[PDB]
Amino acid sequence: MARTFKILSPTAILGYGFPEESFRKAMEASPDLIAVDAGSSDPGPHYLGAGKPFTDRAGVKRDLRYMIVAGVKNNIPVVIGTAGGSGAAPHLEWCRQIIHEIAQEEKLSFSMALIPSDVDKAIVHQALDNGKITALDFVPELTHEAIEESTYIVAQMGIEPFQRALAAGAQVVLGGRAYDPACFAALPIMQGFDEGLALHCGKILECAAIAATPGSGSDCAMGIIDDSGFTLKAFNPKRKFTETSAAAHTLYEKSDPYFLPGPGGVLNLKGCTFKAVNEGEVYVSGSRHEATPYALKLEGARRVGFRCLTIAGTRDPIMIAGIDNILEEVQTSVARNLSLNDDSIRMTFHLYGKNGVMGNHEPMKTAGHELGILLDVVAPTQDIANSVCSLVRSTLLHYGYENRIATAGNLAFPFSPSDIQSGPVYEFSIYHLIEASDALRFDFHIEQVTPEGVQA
């Protein structure tokens, strides 16, 4: 019937790593829960759409080895949200296999719950027709065509599926796509700790030491929930929590810091306080949670084309000064030479050193002494992308721009080959709320992991 609940978040995204000494010091604090976020939409739609991880298998395995060994040894649950980077079926399976390998190598046995977040297209089609879909801010209205042309569709689960898995005795809970705070908050809430404090603590812990200062995406943090607030601490003498660092992480990646919405309710933070306590720790209080009619956020992406790219520098001041017109003239030349006639062939330039990061919103209008010219072509087939990219590359290389004096070639390529096929390109196609229903219930199942695998 303990009056505190201690949560260890080892790293901002499972796979990003952390210092072994930080993790060891955190375990000396005897957490009640080891929890981590394993995924995000911020790396863009490729990862969900193609079924691929944005994290590295060796890094995820390295990080999980510490976590699972520690949780099993000390009888501390380990809870993971958005398995495998994006939390669809292939991502969940990818992370599951890593865990089996750890159990074989470390000679461990433990129960593991798997909670898939995949949503069949038929459910989404039916919900659209029944008026149960709502676009988030600035998102286009959903159509049947967008649903059908998406690949994996996932819903961000809340606390309740994790709670059911934990109540069934799972020692490791491997969740598919999940609302990042829920990973952290599910267990303390079911043990009676305050929902507002637990979800706000989870929102500050979901990126581990990004909420500390100096920040790190690869260092540990702990939150300790008590009856009146929660305390945040790091485990690296070079890092600490401050009122600013903790409050900044309350704003992080949110549209409105007063109201953080998620499945089942909204965190209302107008009463929050941040107080520096002890040495390098912060006590947070006043967070409130308000229930709302239950809805889930769906994510999906669709393939839009295929990309080929090239990168090269220029050091010539005449070429740099005239670069915008040069690129237009090269494009015109290539279209004429290859008789291009498809507006779906899209050539994009990034001029690093002038406006590569901000594009038309860049305030500085002049380059310095060097540009990095990144070109990419997205086209309906890989062959077309490759062909247009190649001709842009060779045309730009030898283009006779006005007043040119460096007449043997215009580009410094760092690599052989100069052109790189990068493959299918995805765009987000679903970013919409769906009203909860029986059909959308998240089921878990528990498997008994052993050093020999899972039996039968």
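Sequential numbering from 1, following the sequence displayed.
Comparing 262-270 with 120-128, the stretch with the higher mean C-alpha B-factor in the PDB entry is 120-128. Comparing 341-349 with 221-229, the higher mean C-alpha B-factor in the PDB entry belongs to 341-349.
Considering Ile373, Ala291, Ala209, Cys201 together, the PDB entry gives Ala291 the largest C-alpha B factor.
As recorded in the PDB entry, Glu279 shows the highest C-alpha B-factor of the residues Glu160, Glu253, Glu279, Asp180.
Placement of the Cα temperature factor of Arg393 within the chain: lowest third of the modelled residues, per the deposited record. For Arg65, the recorded CA temperature factor ranks within the highest third of the chain's modelled residues.
In this PDB entry, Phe235 carries a Cα temperature factor that places it within the highest third of its chain's modelled residues. In the deposited entry, the Cα temperature factor of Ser418 places it in the middle third of its chain's modelled residues. When all modelled residues of the chain are sorted by CA temperature factor, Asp42 is found within the lowest third.
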